[PDB]
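Let me begin by presenting the structure, written as structure tokens, before commenting on it.
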Amino acid sequence: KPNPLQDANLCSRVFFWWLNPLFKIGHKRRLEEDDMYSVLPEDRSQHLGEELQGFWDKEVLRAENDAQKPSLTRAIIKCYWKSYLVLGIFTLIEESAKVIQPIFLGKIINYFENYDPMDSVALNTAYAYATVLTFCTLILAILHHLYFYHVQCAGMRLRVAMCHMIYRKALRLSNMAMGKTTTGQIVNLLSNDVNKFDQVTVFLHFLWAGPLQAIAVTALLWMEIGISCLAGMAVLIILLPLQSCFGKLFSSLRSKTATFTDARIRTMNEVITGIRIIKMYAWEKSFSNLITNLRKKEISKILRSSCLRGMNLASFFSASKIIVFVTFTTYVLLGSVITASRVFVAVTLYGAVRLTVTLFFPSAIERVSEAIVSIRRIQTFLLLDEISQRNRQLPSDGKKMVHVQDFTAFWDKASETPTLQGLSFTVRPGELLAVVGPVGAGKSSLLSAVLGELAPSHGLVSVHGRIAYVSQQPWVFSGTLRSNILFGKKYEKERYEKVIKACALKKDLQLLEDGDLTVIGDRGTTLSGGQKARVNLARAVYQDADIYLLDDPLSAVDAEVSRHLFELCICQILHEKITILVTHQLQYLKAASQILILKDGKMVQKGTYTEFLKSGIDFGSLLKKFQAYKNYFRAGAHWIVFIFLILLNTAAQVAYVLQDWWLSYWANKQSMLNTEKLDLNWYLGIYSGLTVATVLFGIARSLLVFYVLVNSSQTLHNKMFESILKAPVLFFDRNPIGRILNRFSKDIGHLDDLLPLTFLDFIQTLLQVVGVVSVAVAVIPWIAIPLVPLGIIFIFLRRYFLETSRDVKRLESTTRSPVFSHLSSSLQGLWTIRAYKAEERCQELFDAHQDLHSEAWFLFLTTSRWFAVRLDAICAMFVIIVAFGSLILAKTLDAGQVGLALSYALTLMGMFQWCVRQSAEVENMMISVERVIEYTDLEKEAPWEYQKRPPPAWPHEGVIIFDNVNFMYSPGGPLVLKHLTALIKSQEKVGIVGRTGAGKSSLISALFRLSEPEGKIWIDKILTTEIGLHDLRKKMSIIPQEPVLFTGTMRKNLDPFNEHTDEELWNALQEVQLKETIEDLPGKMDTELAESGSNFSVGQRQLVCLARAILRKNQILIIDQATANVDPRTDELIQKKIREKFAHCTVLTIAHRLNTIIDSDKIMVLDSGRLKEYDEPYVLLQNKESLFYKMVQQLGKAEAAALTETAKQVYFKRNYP
Ligand SMILES: Nc1ncnc2c1ncn2[C@@H]1O[C@H](COP(=O)(O)OP(=O)(O)OP(=O)(O)O)[C@@H](O)[C@H]1O
Ligand SMILES: Nc1ncnc2c1ncn2[C@@H]1O[C@H](COP(=O)(O)OP(=O)(O)OP(=O)(O)O)[C@@H](O)[C@H]1O
Ligand SMILES: CCCCC[C@H](O)/C=C/[C@@H]1[C@@H](C/C=C/CCCC(=O)O)[C@H]2CO[C@@H]1C2
Ligand SMILES: [Mg+2]
Ligand SMILES: [Mg+2]
């Protein structure tokens, strides 16, 4: 994609003529990610990232070099001052040509001031000054566009480089660093807190050309009107401190808001992710009050951070109206009198200094004080504890091997007991090491140790070769399943077929519509747990490495699938490769070449299974211990308040214009004078009333617009949140977590503190354009004749540019999400990415994502600054007409009227494109109001509570009956359950088993009405559909497959509704034996449980859930594969404690482990979604042809026999006491 910019001369690069071809493309057909141009090789993400990383690395070096001052990313000005000063030339020429052109305004009004007789030489001089004024407003809207384009691209370079290096760090930060922060925080850096660099640079020059021009203004205004000018500049002085405690105090409010914003976003992430869990526990009205409190404490710091940009845009808008007022109050109270060349050169000078001192200077201060917090937090991030850069690979003897000697390491060094102590093992090619132990032993810690992800406190690890790592939790990332398996490796048909056949994925692909090409959704919500594990194992296998760190890929699959994987995949493909296997399945230890047993970081014994038999040690014992705009504004205040707002806007603009006209009328009344004097009391009285009516109306308008438009983003959010809290879970299945959290972070942020500001800005500058055009028309009515085509051209320019910039903005907004998505995905699988030496490849992929979004942003900037240059050409045509349609029609105009008209036409420039380029941006951040309204009308779930509530003690018995119940995930979707009729009596324990995909969890889903069932489900003769969702769900406890601990106190992970006392909480913890585990923490009830569940043991949080159940005392407990990733220790304690506690409660257990279910009072066997056998496990073992007995036998002969007598004993003891 050749960029025309590198093939564009200066003439066509100033006016962006080179972009005209692209526009010709977009006018007809849609623009897509291919039409864009590749960014210039000077500004790919890689070059920018490398440059700024070199500078910041030299900076962290310098900080730790003879200085010992802390490092400073904001002192990487050193990398942009050379190229972001050459942009100061444009500012210096522009803001010294906005002081020059007022002189020529005075000299063109002087023509009318003296007279306009039949004097050709004076009229020719006026023509010359008008031509000079025109070419000074053309060479001033080219230095306003070259500067304001190149500054936006010099801020884009900083944004892109900073994003690139945030990735380059987030790809190299150690375990502790990933513990201190989260993926939410890093993506917040990359998305919401690096964007500040697109705006820090824009106004950064007017920090010096703000005050400087002010001085110049006085240095040119004294010479006109004497000491009086000081007074005006005096009230200019007061603005700079006052309007900088509006840009630092505002930024203080903004950073004090951002903590509430991210607390709300994180809590919404909890809600969106564990929404299934929240529905099942009926916690909805408990996070309805934890976002309604991190919002109403947020919308108290937005009605103060926006009523402080109201006082900052109403101190800009009415800045020169105060400055001119004070100036001429002093100027006439000092004895002088008003002539409309002093006054209007003063007006157009004080306007040009209003723009810079009162807007660009406080905007620069605010952008710098809002980007300094961004830089501060990005240097907080960039100084995190990065992983130890892999020690130089010593000259190897070519022998690929793993060698671990006296290994000792801490996951957290502050912990007293090390994670591992004194591990020592050597693995040579062809050797299968199987790692066994209890829950929390450190087997995955061991594989991390071989990975180098666990820094040794003592001991040595020497690992040589390509390492393929399967994590204990399978990593499933966005992309096709074939691309998931490839992981960037080249696709080869035969070996891929062999691996898939080995990984038992052939049938799974066959039952899919698209087979292996199916696009797997985010986080693997389209797949099952066993499917995710198989995908992960296949991904590792395909890379055909040397050393394979397998972290128990068999605990997520049934017995037959796990045996298939161990035999065909592990024992055949990995028969010649170095392999370390973590396993809780003892059944494979007989086939392991070598075994290492680990307990509490103790290598208990290392050897072959035969040597372990010879010692007589039992392994079980070892393991047992327009409508959008109406819906937007009306969501704010009543339409009467909007009428008041329109009246207030159009009174502020009429007074801002009537003040200038009053100076003009005063000047005309002074011209036609004489003794005779002018009633100065009256004139200053009216001229002060107009200034006060401008100031107060500007303030009132800028506060009312913000109050209304923040009052709609407090209503749109409160009206969209309450709908996603009631969206049937099908909604969360279809739309990922990211696509729902985005419209609660990005879109609500836009509605909160970027749409009110953009919209008030657009309203205010549109009204000033209306004021300018109205002044010109009322002064030179003939202008209405050339203003008809001059508008039509604009009508054909807004169209012809919105046929493309509706697409380029679309490309940018849709290719911005691949960057963050790839960050999140590459950050979940970070350990796997560093396992392979694939840091550079992921760098290339992320720089390609950033390059694509840089192409999109480059076209956005250049199309906007093509639009703006043509708009300013139209606006200079307007200025030409006013400045020359006053000379050809000189004999008709006063000298105060030409001054008024021309000093308004001159201010049209630069302001026109900003009321036309914000409309095209108001209606683009208003398509983030289709999105926010999109979920305020979603199909809500069934009513939460019907009026006919169940009895308070219901269900007192606990009988669950199915009558011809069919479950489909979506209406008309494939049936997962088919014609179910069953009966579970009071307190009866029934397991539910089948192959992966048998309909197991789907019965749960139909029980909770996750998708509404056809059929009849009876609970103590109560139909499920006849009772509200919360009356039901609060009456069935559940332990899902992956229990979730939500951030905050353990109190709110147990009782965020506070329906109990601390006594019951401690009773529950002592009933889950977690009283001692948490009491050791300083926050016994209030430990800062952080998130993601990487700071707890896998097998313990499932206990908290039953403690939750213990609080709620439900007769119906529903367990869904709880002890799947747990050793026999908790794999017995949970069930025995349940039998002691849920003996009186109907238990509904789903699991693959037949040991955990062998004593179930009944079993529901599901095959492909139908209830095949419903009879006690002993009878199902009686039928030799039963699938249940086959599942038992597939585990091995002795183990199947053991299950046989176990079920036999349970049956006989139950039935024949
Ligand atoms: N970031 C971390 N990642 C993993 N384990 C951690 C981490 N921080 C602390 N730990 C400790 O690791 C243990 C939990 O994981 P561990 O390595 O013991 O699992 P495992 O032995 O592989 O098997 P399982 O987790 O299934 O019991 C606990 O002792 C916990 O305190
Ligand atoms: N998020 C989802 N949306 C729609 N369908 C799904 C989703 N996840 C899984 N499925 C499909 O629904 C079918 C029924 O799943 P079911 O509820 O039986 O899971 P399960 O048998 O409990 O899983 P496992 O056996 O691994 O515990 C499966 O074949 C699966 O492919
Ligand atoms: C908090 C600041 C929000 C508004 C400031 C605005 O980002 C100004 C920036 C410059 C504009 C100058 C326009 C002049 C009048 C602006 C009117 C206004 O800002 O309310 C255009 C030329 O470069 C850019 C676009
Ligand atoms: Mg493990
Ligand atoms: Mg399941």
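Counting neighbours? That spans all protein chains shown, and the Cβs are built from the backbone with ideal geometry, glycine included. No value in this document is a laboratory result; all are computed from the given coordinates.
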Could you go through region 163-175 in sequence order and give the Karplus-derived ³J(HN,Hα) for each residue, using 6.51 cos²θ - 1.76 cosθ + 1.60 with θ = phi - 60°, rounded to whole Hz, and x for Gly and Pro?
-> 4, 4, 7, 4, 5, 4, 7, 4, 9, 9, 9, 6, 4
Which residues in region 762-804 place their backbone N less than 20 Å from a point set 7 Å from the Cα of residue 647 along the Cα-to-Cβ direction?
-> 764, 767
Simple spin-label estimate for residue 1095/residue 840, 7 Å along Cα→Cβ, in nm, reads 3.7 nm
Mean-position separation - Cα centroids, region 1098-1159 and region 538-614, in angstrom | 27 Å
Using a/c under 1.5 as the rounded threshold, could you call region 747-819 rounded, prolate or oblate? The axes a ≥ b ≥ c are square roots of the C-alpha gyration tensor eigenvalues, and prolate needs a/b larger than b/c, oblate otherwise.
-> oblate
Each label point is 7 Å from the Cα along the Cα-to-Cβ direction; what then is the distance between the points at residue 238 and residue 256, in nm?
-> 2.6 nm
Listing 1175, 66, 558, 262 from the residue with the fewest other Cβ atoms within 10 Å to the one with the most, what is the order?
-> 66, 1175, 262, 558
Among the trypsin sites (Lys or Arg not before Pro) in region 997-1055, which ones are in a DSSP loop with at most 13 other Cβ atoms within 10 Å of the Cβ? Mind listing them?
-> 1021
So for the chain: antiparallel DSSP bridges make up what percent, rounded to the nearest 5?
-> 55 percent
With r defined as the distance between the Cβ atoms of residue 634 and residue 64 and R0 fixed at 51 Å, what FRET efficiency is calculated, to the nearest 0.05?
-> 0.30
Most packed first (mean Cβ within 10 Å per residue), the peptides 976-984, 227-235 order as 227-235, 976-984
Looking at the square roots a ≥ b ≥ c of the eigenvalues of the Cα gyration tensor of region 1029-1154, which shape do they give, rounded for a/c under 1.5, prolate if a/b is larger than b/c, or oblate?
-> oblate
So for the pair residue 572, residue 415, with labels modelled 7 Å out along Cα→Cβ, what separation do we get in nm?
-> 3.9 nm
Starting from the Cα-Cα distance between residue 50 and residue 605, subtract it from 0.36 nm times their residue separation and give me the gain in nm to one decimal.
-> 194.9 nm
Loop GluC sites (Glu not before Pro), region 935-965, which have at most 10 other Cβ atoms in a 10 Å radius of their Cβ (DSSP) | 939
Which residues in region 1161-1195 have a backbone N closer than 18 Å to a point placed 7 Å from the Cα of residue 1212 along the Cα-to-Cβ line?
-> 1176-1183
Using the structure shown, list the pairs from 602/837; 1035/1075; 443/489; 726/978; 978/1162; 82/301 with a Cα-Cα distance above 32 Å, or answer none.
-> 82/301
Of 279/809; 1000/1141; 940/1137; 989/1021; 606/1190; 297/1034, those spanning more than 27 Å from alpha-carbon to alpha-carbon | 279/809; 940/1137; 606/1190; 297/1034
Out of region 77-127, which chymotrypsin sites (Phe, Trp or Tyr not before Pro) are coil in DSSP terms and have no more than 14 other C-beta atoms within 10 Å?
-> 81, 115
Cα gyration tensor category, rounded, prolate or oblate, for the chain with a/c compared to 1.5 | prolate
Expressed in angstrom and rounded, the centroid-to-centroid distance over alpha carbons for region 451-505 and region 830-901 is 46 Å
Length gained, residue 376-residue 426, 0.36 nm per residue minus C-alpha separation, equals 13.4 nm
Provide the gained length on full extension for the span residue 208 to residue 292, in nm with one decimal, where the gain is 0.36 nm per separating residue minus the Cα-Cα distance.
-> 25.9 nm
What FRET efficiency comes out for the pair residue 795/residue 1140, r = Cβ-Cβ distance, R0 = 51 Å, nearest 0.05?
-> 0.05
Could you state the number of Å between the C-alpha centres of region 316-351 and region 184-213?
-> 34 Å
Under 12 Å from a label point 7 Å along Cα→Cβ of residue 957: give me every residue in region 1021-1062 with its amide N that close.
-> 1021-1022
So which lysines pass the test for residue 506, namely a Cα distance under 19 Å, with those fewer than 8 places away in the same chain ruled out?
-> 493, 498, 532
Can you work out the FRET efficiency for the pair residue 754 and residue 945, with r the C-beta to C-beta distance and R0 = 45 Å, to the nearest 0.05?
-> 0.75
